[PDB]
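Residue numbers (the entry's author numbering), protein chains in the order written: chain a, 327 to 434; chain b, 3 to 224, 239 to 322; chain e, 24 to 358; chain f, 24 to 358; chain K, 1 to 228.
Ideal placement from N, C-alpha and C gives every residue a C-beta, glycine not left out.
Okay, so here's the structure we're looking at.
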Amino acid sequence: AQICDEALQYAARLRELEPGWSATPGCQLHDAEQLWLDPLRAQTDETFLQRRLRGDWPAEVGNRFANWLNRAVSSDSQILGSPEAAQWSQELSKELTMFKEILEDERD
Amino acid sequence: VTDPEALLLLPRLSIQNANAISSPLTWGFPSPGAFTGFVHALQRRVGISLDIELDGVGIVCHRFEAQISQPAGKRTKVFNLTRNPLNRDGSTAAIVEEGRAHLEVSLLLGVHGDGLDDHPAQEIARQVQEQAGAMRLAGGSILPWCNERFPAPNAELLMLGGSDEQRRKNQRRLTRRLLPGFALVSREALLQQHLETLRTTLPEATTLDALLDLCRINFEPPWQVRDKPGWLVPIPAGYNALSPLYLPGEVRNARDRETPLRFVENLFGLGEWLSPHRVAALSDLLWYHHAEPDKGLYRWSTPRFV
Amino acid sequence: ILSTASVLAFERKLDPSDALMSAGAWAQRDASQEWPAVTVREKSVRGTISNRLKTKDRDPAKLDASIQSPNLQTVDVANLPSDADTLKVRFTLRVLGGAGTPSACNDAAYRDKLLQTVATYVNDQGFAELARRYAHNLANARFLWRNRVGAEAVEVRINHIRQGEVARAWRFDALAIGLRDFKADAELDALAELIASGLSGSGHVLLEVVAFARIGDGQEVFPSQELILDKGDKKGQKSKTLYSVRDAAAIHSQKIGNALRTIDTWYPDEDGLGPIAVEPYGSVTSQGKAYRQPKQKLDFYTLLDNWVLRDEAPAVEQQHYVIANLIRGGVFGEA
Amino acid sequence: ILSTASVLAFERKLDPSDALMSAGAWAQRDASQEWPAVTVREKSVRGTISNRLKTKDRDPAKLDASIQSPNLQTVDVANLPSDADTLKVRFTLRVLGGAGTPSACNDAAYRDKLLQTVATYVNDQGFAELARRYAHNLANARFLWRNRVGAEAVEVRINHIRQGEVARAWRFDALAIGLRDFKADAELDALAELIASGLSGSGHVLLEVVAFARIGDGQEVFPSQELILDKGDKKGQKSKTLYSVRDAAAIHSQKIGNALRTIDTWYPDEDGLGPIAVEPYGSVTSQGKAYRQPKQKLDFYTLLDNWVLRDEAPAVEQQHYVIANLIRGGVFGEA
Amino acid sequence: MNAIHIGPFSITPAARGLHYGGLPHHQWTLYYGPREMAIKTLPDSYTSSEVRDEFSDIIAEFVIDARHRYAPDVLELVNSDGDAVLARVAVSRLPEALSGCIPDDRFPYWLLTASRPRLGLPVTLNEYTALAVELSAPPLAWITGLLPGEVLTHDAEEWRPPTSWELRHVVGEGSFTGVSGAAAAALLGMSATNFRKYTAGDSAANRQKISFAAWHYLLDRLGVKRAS
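Structure follows, in structure tokens:
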């Protein structure tokens, strides 16, 4: 839970940055996460990207973060054989369900 | 001691030179008693005229900077000082080591009373904000946000929600407002159960040693670090009686001769800094006074937390 | 004392080239030298929400808000020109030999015993059944995976190049040669004898295999699909890209090799489904179920260890399977 | 007492350049100066389980769960174009000389004794057997490591570049001159005297070596493989990375130098393998073992210490091995 | 002030002096052998003990590094399947019979190497005890990484006597073995002054070189080499 808390905290200090840093030019700038990285670009663009975050409601990004969280687990076959991986997947699914629900109502 | 009918969010407040020495044993973030006393001073100054009561404060602490330095060759730190004026003979006065800290905190205030039905929410919110913009929070002046880009008004949210989902959405929006910070809560139950765990580990262990063990980094031999549930800071938990409650005119050189004085000793407890999304309701974060004046014990805590 | 070597790295035999895809008309295949190559192109798709819901997306208003925002992708598609009902696919296959000799090994005693075991296998029953089955997998266009499934007619030409010129041409008919039946044919026996000479080290064998499949005019062909790093936006998400070399869609060489390895009809389960690929633990990824499980002791590793160390020679079809696994190569040994 | 010098670093003779790979066709090799380079491209690979399971992954359900999660990777691949069957490899070899003189030597008297030992070697037999064997490794394309195990025909052209121009040309057949036999040939002997004059110090020798291999049209060519930092995601893992210099596949220079070094036939093991590289303690990476063990008293250090310190001169084959290690060079002596 | 001899390390200050701020200081340098290590300016007021403990961090780091650098190999006694490790033994020198190997059902016990390229041998339990007896690593064998091959050979013709630094690795003070000069003298059977003679290097004076048998018996008693 603490890790996803820090993710929100990271997004929290991403509220302290420029309003339109996500609209800068670049070949690769993680545009899948950019709807949640910069919430203030909806003030910058009236209809180019303001309606995109409202219509899309980006909550799958934490699943990508869950993939990064899948790099936080040990590569042990004993956990996968036993129900330890089942409990890990259950608590991971619950906490990223909470994270996706947090990321869903960012428009209010 | 009561459930708040509304929650008033005082926004990012930049306290300039707050008292970094919170306690005789701890330094850093100031005492929660300073915040509860500030809210009671706000109720004393502008709360009565608005026919409302202001009890309970939730601290978020969006930014902390300590006016400290690390001398070379030492792993500890020292406090940067201020040059006091000279004496009447032109000599330097004796230095009292006082530390300062630049804070940026936002406060959740519990509002209950009939005046919430007598005024608009933004009116009483703006009145308590413009009262708080000329006060002090821990010994430091409050920077009232002049000539920046976008100033932040309050958002008084009524806790008497019509529906559970609307109340939940209001609490989540209010948590989203105070996002880059950490709610500071009281952990008497956690400190007591850790004291019982240490007493099972080793007898005649005081609460001071259990408080110390919850703050130092314990290194265990096979060399790993013994983990902690949270941040687990040592906070000043209140004041205990050190003398009988004397008469208002009895104590010489008191602040006023109408308030009774009693000499006290600092009470030390365990506090925890959490991300504010890890709470059921934001009214759990409110710091309440609790006097119990017959037995000393002038505490501040977070009741109705868990 | 003859323990199995810790490294038993084997170079793969039957090395395939990357199979280029072009398009044209049927009966122009004899003039298919300068056919225009199939080019991977972009097309935009919007889609309704059509996966199975997890009993919380089944609310009417929330599903209504889901269908009101269709998901957007740009998919790479490979289509024939509209004046082309036939797809041509070209690759080359190299038959090397020395199938029992590992490229990397640790124990020289185990290496010599494995070499003697493979040489013993060549001595009684040389590379004939495996080469016939590989000839059948060349004869039918199994390397046209989803790409001869709905084909009206499939034809396969296998040419033998000797000094830059053709030596023996093998024009086939992939409809007659089934994907399940390993029968016998005189041209298939000749191709089996050529792969036999290649696998036994008698000579060098390089085969140019061209498959013409009659799908349809302007229809969809199915090349190898690549991997997407997903570094773009969500509207043009680029959810699917297809593999190409130089403005010319193609199939991966390892996909062709897995197509030629589908000869294994000796797995302990029922063989009414058909042949599966040559692999340890008989694992087909479409079914998701492993025949030749190590519980049944019919996998490659248990049979190879019983054959070499304990000298328990398995059934003749199973040692055919073991030597076919050595032909396909691997990182056998400790991993 | 004439002990060994603590620092005995030697510079390498026979310095090879990086071997650039290009692509082309047979019989156009007389005009292969414009040929497009082999480009290290990328392709996606999907794999199932093919390694030995450690008795806990052998359960059917766990194995099938591992099958349903295939290991997707991207691999750097080097293939010829579909109209190109010939792989060209070009490198320059510089023969220096002065192999007796160390780059660093703590003990003067030891330096004088080692110089006298090399001088009495050359007075007994010059750099003639070693230069013949190095010229044989020049003539066969042993520097074409895996681009010769399935090549139909390999050809090597060596030019003596004196003043930026060809002073003497040699053309060979890398398949006729095998990787096992050190026979005698007139052009091979002339190249042997050229390498002899380079190694003695008679003149400056620079050789431009061009190799052509009949692999096949569109077949996979094998450059040297780099080292993987292993930092990215498991989807785009980049399991294999090949070596290129400027958008152009190449073999590492020390790989070419090791393949030219493969002349050591006088190791105490049998001639079943053939020549190995001249290493201290005769190491072979593929076999995972060391010929010329220090226990059997035929390593480079024991032979050199007997030859120099106590004047116990070994057999002329072991003298050739010692002088070939001195040509190879290394940080000899106690660190 | 002067150099502090802690283990093989010498904390040598600079002769020149400076006055950073309002205090005097000195460039103190930590030498492992003829090689410097971490160098820090210490104020003149600093005590010798302060200097030592100050550099103690670098000192400890080096010791740890060395231990890891020369950690002995480890052979695993495993069952017929080979996945389960019944026993682990820290070897001094690998046996001379193991090869590319993986446990086979045929043999109940197999010895393998800790590395990926598992080279080993199928042995029974009594042969496992015999191999563990003749090839076990002593507990402080990693110091043999820091000593050259000439001072560790069992052949007297190839044997070279240790220097003052090489002996000073493991005799006294804060050594890697942690023993003192009197303890190392009592291990060798003689008094403190004579053992000190061997320990002392410098000029021929008190440079009695230690003999081959005494050096190898001292290595046996300290658990560095030949102590199975």
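| query | Helix, strand or coil: how does DSSP classify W414 (chain a) here? | reply | helix
| Residue burial classification, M1 (chain K) (beta-carbon count within 10 angstroms, cutoff 16) | exposed
| Between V30 (chain f) and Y133 (chain f), what straight-line distance do the alpha-carbon atoms span, to the nearest angstrom? | 11 Å
| How is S45 (chain e) classed by DSSP in three states: helix, strand or coil? | strand
| request: Identify the contact partners of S92 (chain e) in chain a, using a Cβ-Cβ distance below 9 Å as the criterion. | output: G381, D382, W383
| said: Closest to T28 (chain b) by C-alpha separation, out of b:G101, b:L162, b:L258, would be which residue? | reply: b:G101
| message | Please classify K66 (chain e) as buried or exposed, where buried requires at least 16 other C-beta atoms within 10 Å of its C-beta. | response | exposed
| query | Hey, out of a:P409, a:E417, a:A385, whose CA is closest to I428 (chain a)'s CA? | reply | a:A385
| message | At the level of alpha carbons, what is the spacing between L37 (chain f) and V63 (chain f)? | response | 28 Å
| Bridge partners of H183 (chain e), per DSSP? | e:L230
| message | Quick check on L218 (chain K): buried or exposed, where buried means 16 or more other Cβ atoms within 10 Å of its Cβ? | response | buried
| To the nearest angstrom, how far is it from the Cα of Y32 (chain K) to the Cα of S10 (chain K)? | 7 Å
| query | Hey, would you say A131 (chain e) sits closer than 7 Å to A164 (chain e), going by beta carbons? | reply | no
| message | Please list, in chain order, the chain e residues whose beta carbon lies closer than 8 Å to that of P95 (chain K). | response | The premise fails here: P95 (chain K) is roughly 12 Å from chain e at the closest Cβ pair, so nothing lies under 8 Å.
| query | Would DSSP call residue 274 (chain K) helix, strand or coil? | reply | Since the first and last residues shown for chain K are 1 and 228, residue 274 (chain K) lies out of range.
| Measuring CA to CA, which of a:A392, a:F391, a:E372, a:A411 is closest to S400 (chain a)? | a:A411
| Inter-stretch contact (C-beta, 8 Å, three-pair minimum) for the region 162-170 of chain b and the region 194-208 of chain b | no
| query | By DSSP, does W347 (chain a) sit in helix, in strand, or in coil? | reply | helix
| message | Cβ closer than 8 Å: which chain a residues qualify as neighbours of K171 (chain b)? | response | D431, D434
| Close-in-space but distant-in-sequence residues of the same chain around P93 (chain f) (CB under 7 Å, 5 per side omitted) | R69, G70, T71
| field | Three or more C-beta pairs below 8 Å linking the region 134-153 of chain f and the region 168-184 of chain f | value | no
| request: Select from K:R221, K:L111, K:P138 the residue whose C-alpha is nearest the C-alpha of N126 (chain K). | output: K:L111
| task | For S403 (chain a), return the contacting residues in chain f, with the cut-off set at a CB-CB distance below 7 Å. | result | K79, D80
| Min CB distance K254 (chain e) to chain a below 7 Å | yes
| Neighbour flag for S71 (chain b) against chain a, beta carbons, 7 Å | no
| request: Give, in chain order, every unbroken run of the beta strand (DSSP E) that is at least 3 residues long and sits entirely within the region 217-278 of chain f. | output: 228-237
| field | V301 (chain e) vs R351 (chain e) beta-carbon contact at 7 Å | value | yes
| Is there at least one Cβ from chain K nearer than 7 Å to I274 (chain e)'s Cβ? | no
| Which one of e:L283, e:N170, e:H275, e:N129 has the shortest CA to CA distance from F355 (chain e)? | e:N129
| said: Within 8 Å, do at least three Cβ pairs link the region 38-54 of chain f to the region 105-112 of chain f? | reply: yes
| Could one say the Cβ of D364 (chain a) lies closer than 7 Å to chain e's Cβ atoms, at least one of them? | no
| request: Compare the beta carbon distance of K79 (chain f) and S403 (chain a) with 7 Å and say whether it is the shorter of the two. | output: yes
| task | Select from the region 232-262 of chain f all residues with a C-beta closer than 7 Å to any C-beta belonging to chain e, and list them in chain order. | result | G239, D240, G241, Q242, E243, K258, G259
| query | Measuring CB to CB, does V331 (chain f) end up less than 7 Å from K206 (chain f)? | reply | no
| query | Can you tell me whether DSSP reads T97 (chain f) as helix, strand or coil? | reply | strand
| Cβ-based contacts, 9 Å cut-off: residues of the region 9-32 of chain b near chain a | none
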